[PDB]
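Quick notes on the structure that follows.
Note that we place each Cβ from the backbone using ideal geometry, even for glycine, and neighbour counts take in every protein chain shown. What follows draws every value from the coordinates through simple rules; no lab data is involved.
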Amino acid sequence: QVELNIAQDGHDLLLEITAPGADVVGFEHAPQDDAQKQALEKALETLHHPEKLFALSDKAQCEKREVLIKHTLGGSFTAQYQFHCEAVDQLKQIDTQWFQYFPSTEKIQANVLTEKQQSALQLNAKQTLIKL
């Protein structure tokens with residue numbers, strides 16, 4: 001149900017993650033109080049920082065090009081990140097911190113496409129590694 005898609009095509013790396021609102025902020029309704037409003041703002045703030053969620057090796061020299069965040073109010077969040085990496089061969093793996101910022105997420109269904117090489121894996125808070 002949290003779904004992460006990763007596609008690497010030359011220097012272009014696309015990461016896209018779709019998550020129900022309960023997986024992101026803890027609730028799917030409109031904030032009821034200041035705590036919930038701050039939780040939503042903090043969550044949206046983190047989603048605009050893909051480098052906190054999906055650390056790319058500095059040796060890959062990945063530049064952020066586009067960030068798209070959609071919130072549909074069940075409610076869900078989609079974050080779509082586009083990087084251009086100068087040294088994409090230096091991108092060996094990603095260690096996601098998704099669960100550190102969004103501990104309500106139990107598991108991620110991940111799909112990885114590196115050129116034409118397709119693989120899937122299920123991540124959890126203790127198994128956050130993705131091979132690229």
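Residues of region 74-111 that are over 18 Å from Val24 (Cβ atoms) and either surrounded by 19 or more Cβ atoms within 10 Å (Cβ to Cβ) or touching a helix residue (DSSP H, G or I) at 6+ places or on another chain (Cβ under 7 Å) (or both): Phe83, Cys85, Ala87, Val88, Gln90, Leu91, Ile94. For region 59-69, the count of residues that are part of a helix (DSSP H, G or I), surrounded by 18 or more Cβ atoms within 10 Å (Cβ to Cβ) and either of a type in the set (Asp, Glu) or more than 13 Å from the chain's Cα centre (by Cα) (or both) is at least one.
Residue pairs whose Cβ atoms lie under 6 Å apart, separated by 6 or more positions or on different chains, with the first residue in region 19-38 and of a type in the set (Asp, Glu) and the second part of a loop (DSSP other than H, G, I, E, B), are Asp23/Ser104; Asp23/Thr105; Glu28/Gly74; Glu28/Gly75.
Regarding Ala35, is this residue touching a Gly at 6+ places or on another chain (Cβ under 9 Å), on the phi < 0 side of the Ramachandran plot and not in a strand (DSSP E or B)? Walk me through it before giving the result.
Numbers: touching a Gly at 6+ places or on another chain (Cβ under 9 Å): no; on the phi < 0 side of the Ramachandran plot: yes; not in a strand (DSSP E or B): yes.
Spelling it out, it is not the case that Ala35 is touching a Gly at 6+ places or on another chain (Cβ under 9 Å), on the phi < 0 side of the Ramachandran plot and not in a strand (DSSP E or B).
Scanning region 102-118 for residues that are more than 21 Å from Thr78 (Cα to Cα) and either of a type in the set (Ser, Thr, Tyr) or within 15 Å of the chain's Cα centre (by Cα) (or both) gives a single hit, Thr114. For region 99-132, a residue qualifies if it is part of a strand (DSSP E or B) and aliphatic (A, V, I, L, M), and the qualifying residues are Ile108, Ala110, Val112, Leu113, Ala120, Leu121, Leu123, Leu129, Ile130.
Could you go through region 4-14 and let me know if any residue there is on the phi > 0 side of the Ramachandran plot and exposed (fewer than 15 other Cβ atoms within 10 Å of the Cβ). Yes; the residues of region 4-14 include at least one that is on the phi > 0 side of the Ramachandran plot and exposed (fewer than 15 other Cβ atoms within 10 Å of the Cβ).
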